[PDB]
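Step one of this worksheet: look at the structure below.
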Amino acid sequence: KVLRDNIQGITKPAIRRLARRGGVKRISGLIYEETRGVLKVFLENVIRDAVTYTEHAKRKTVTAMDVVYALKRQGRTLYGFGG
Amino acid sequence: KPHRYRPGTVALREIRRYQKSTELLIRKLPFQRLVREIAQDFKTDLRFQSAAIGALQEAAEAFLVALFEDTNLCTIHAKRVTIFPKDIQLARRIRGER
Amino acid sequence: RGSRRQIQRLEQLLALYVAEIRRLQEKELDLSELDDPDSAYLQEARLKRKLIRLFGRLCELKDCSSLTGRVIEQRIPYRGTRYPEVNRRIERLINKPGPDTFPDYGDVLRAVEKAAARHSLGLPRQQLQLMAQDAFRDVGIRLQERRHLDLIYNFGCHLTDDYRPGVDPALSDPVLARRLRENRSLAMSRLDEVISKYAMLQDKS
């Protein structure tokens, strides 16, 4: 019945520690895959906006500034940064 | 009140940001590889300032931790329970975003 | 007091580290570089570690603490119950140093139970549970706030230090604004979808 997922990338203990940092001490099997999936979607969302800025500036390099303007559009995470 | 060290050559606001970098939980090589994985789907000719990767990582870890904080705050039982996908989702609806 | 000459020498090294960190921060990584275990980003991370170790050694040499003025160093007071013995144990719980300090309900309930038992307060079970629940709620807000401030007051680098929201290019280009608006609708649905995907998966098990 039980099965161990393979991967390259973000390890179970890193995910256990991220959960713990938020006060969550016990996570189910699906939380591991969900955490990787949510992480990827969040990064896609930020990078989509960042690249929109990069292309607007006619650059081929995504700058930290592009990422800031993008992050400010993703809700509460960086809310209030820069004033 | 503990004595505070203020370097003559570097501002503490710089030190604090370097300190936070060392506190990040996701290994940096897999992190940058995940950015690469995403970037490949957009454009093969995209480059990223190193500082941009770091900003992405700091914010992304905060985003994940806050999802767990919210779930934690919505979870009230006398005996400790394991968190499932449904718990994250509900907490997000109660306390979380959009 | 530490050696003035050695402090001066170590502080010069510290600034040398900063200059190299900044140089690496500006490096532009292509897709192959993001696949490289020795990329500028990893070199940068290693150097930040090296620098923080040196900072710590300088603290010791100058007989100082290792504090840096982080927002999470600020103590969160708690005086929410009518029992100071409970209030203290809760305040200690939420102010343990470091980035991982965030109790769960069980931690708060245990703190309440333990303080009550230690000081023979004679508080019944359901009262302890209500006290813990009100406490957990109060401190939860304050802990999230302190972490949020710690993040936004300590974010980015020299390249982003001149950021201000009024300079956003989207404010003066409606074509850009429109695409960002379209991105936002997609981003929100994508996040909803992954959260819902894993809920659905749980339901099939």
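Residue numbers start from 1 in every chain, and the chains themselves are labelled A, B, ... in the order their sequence lines are given, proteins ahead of strands.
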Toward chain C, the part of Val68(A) with a non-hydrogen atom under 4.5 Å:
side chain
So, do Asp104(C) and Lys25(A) sit near enough that their side-chain heavy atoms are less than 4.5 Å apart?
yes
Is any side-chain heavy atom of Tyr69(A) closer than 4.5 Å to a side-chain heavy atom of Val167(C)?
yes
Counting heavy-atom pairs under 4.5 Å to chain A, which of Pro103(C), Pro169(C), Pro165(C) comes out on top?
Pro169(C)
Using only atom types and a distance under 3.5 Å, with no angle test, would you say the side chain of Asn45(A) pairs donor to acceptor with the backbone of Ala187(C)?
yes
CZ (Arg21(A)) and CZ (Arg147(C)) are apart, to the nearest 0.5 Å, by 7.0 Å
About how many Å separate CD of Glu182(C) and OG1 of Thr52(A), when rounded to the nearest 0.5 Å?
9.0 Å
Atom pair NZ/CG of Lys197(C) and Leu30(A) - distance to nearest 0.5 Å:
8.5 Å
Please name all residues satisfying side chain to side chain contact (heavy atoms under 4.5 Å, CB included) with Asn95(C), sequence neighbours left out, ordered by chain then number.
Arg75(C), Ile76(C), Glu91(C), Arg146(C)
Over 12 foreign heavy atoms within 6.0 Å of NZ, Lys27(C):
no
Considering heavy atoms only, which positions within residues 43-56 of chain C lie below 4.5 Å of chain A?
none
Relative to chain A, which of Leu186(C), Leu29(C), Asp30(C) shows the most heavy atom pairs under 4.5 Å?
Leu186(C)
Quick one: side chain to side chain contact (heavy atoms under 4.5 Å, CB included) partners of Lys204(C), sequence neighbours excluded?
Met200(C)
Any side-chain heavy-atom pair of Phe155(C) and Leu71(A) under 4.5 Å
yes
Checking heavy atoms, do the side chain of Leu149(C), its backbone, both or neither come under 4.5 Å from chain A?
neither
Any side-chain heavy-atom pair from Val175(C) and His56(A) closer than 4.5 angstrom?
no
Side chains of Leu176(C) and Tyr53(A): does their closest heavy-atom pair fall under 4.5 Å?
yes
Which atoms of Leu201(C) approach chain A - backbone, side chain, both or neither, heavy atom under 4.5 Å
both
Against chain A, residues from residues 156-164 of chain C with at least one heavy atom under 4.5 Å, in numeric order, are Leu159(C), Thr160(C), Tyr163(C), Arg164(C)
What's the spacing between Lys40(A) NZ and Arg190(C) CZ if we round to 0.5 Å?
8.5 Å
State, with a plain yes or no, whether a side-chain heavy atom of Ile152(C) is found less than 4.5 Å away from one of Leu78(A).
yes
Strictly below 4.0 Å, N to O, side chains only: are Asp168(C) and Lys72(A) in salt-bridge contact?
no
Pick one of side chain, backbone, both or neither for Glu33(A), based on which atoms fall under 4.5 Å of a heavy atom in chain C.
both
Nearest-0.5 Å distance that lies between atom CZ in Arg20(A) and atom CG in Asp100(C)
7.5 Å
Can you tell me if CZ on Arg118(C) sees more than 12 non-hydrogen neighbours from other groups inside 6.0 Å?
no
Within this structure, what is the CD-CZ distance for the pair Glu28(C) and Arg59(A), rounded to the nearest 0.5 Å?
9.0 Å
Check: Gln74(A) and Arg184(C) side chains under 4.5 Å, non-hydrogen atoms
yes
